[PDB]
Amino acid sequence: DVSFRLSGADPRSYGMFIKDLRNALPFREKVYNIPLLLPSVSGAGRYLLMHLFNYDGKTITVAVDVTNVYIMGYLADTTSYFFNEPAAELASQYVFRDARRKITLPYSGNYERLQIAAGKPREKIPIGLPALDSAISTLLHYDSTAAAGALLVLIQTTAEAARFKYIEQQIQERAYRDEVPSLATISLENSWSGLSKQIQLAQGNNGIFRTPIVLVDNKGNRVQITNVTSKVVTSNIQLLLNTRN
């Protein structure tokens, strides 16, 4: 398992938590020095448990698919909550068995459906470590509309930060003050499957992307990524989704 405590949190402890979340994900090889996530894991081993504690020491346990860093559901006290999608239904066969009751949220866990339920796109929702405290508090007792926003904060401050050094650094800048995500934060979130695919294909194409990927850079400018010498590949991306997925 992995754990993060908001009480006493600073940019250093959060960065060490995200390094620890990355290291909890199994891999057999690296492609251009980046861990390649597994094509599949059978049974309970598919799910990492992530314990998160708010400023006040109250806690949820978050179930994460280690093949794709997808958040499936979470346990709050005696009640488990899972997204309304088949992968989270399957997760609920393996995690949070002792929960007194299991709520299926009235949305899947993808951004389009969470944004509809929250009533706001990601662009308009402040993220940071305070926002993560607020998200944990929200999730401890059920409120489906409030939960969708909290889950958007949770996904971006854990899974997205695991996938990209830049996003980890953005949340470190927000350790004490929430701010809406940068243009580049949104671009990288949207681009992870695409970048993962192109970096795998570049092995067998001399480090050249079969299809260039358009991103927004840290200056807010559109850039075309064509090969593995790009800073997005040499420093930013931290995990590759397996092309099988």
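Note that residue numbering follows the sequence shown and begins at 1. Superpose the two forms; the largest set of C-alphas matching within 1.5 Å is the rigid core.
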So if we fit everything on the core, which stretch drifts more in 4 other deposited structures of this protein, 52-60 or 214-222, C-alphas only?
-> 214-222
Tell me which of 182-190 and 24-32 has the higher mean C-alpha B-factor in the deposited entry.
-> 24-32
Hey, which bit's got the bigger mean C-alpha B factor in the entry, 40-48 or 192-200?
-> 40-48
Determine which member of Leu154, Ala99, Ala175, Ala162 has the highest CA B-factor, using the values in the deposited entry.
-> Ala99
Which of these, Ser80, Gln170, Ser144, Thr158, has its C-alpha atom at the highest B-factor, as the entry lists it?
-> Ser144
Where does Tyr107 sit by CA temperature factor within its chain: lowest, middle or highest third?
-> middle
Chain-wide C-alpha B factor ranking for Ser230, given as lowest, middle or highest third | middle
Taking the C-alpha B-factors as the PDB entry records them, is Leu90 in the lowest, middle or highest third of its chain?
-> highest
Thinking about Cα B factors across the chain, which third does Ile213 belong to?
-> highest
Ranked by Cα temperature factor within the chain, is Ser13 in the lowest third, the middle third or the highest third?
-> middle
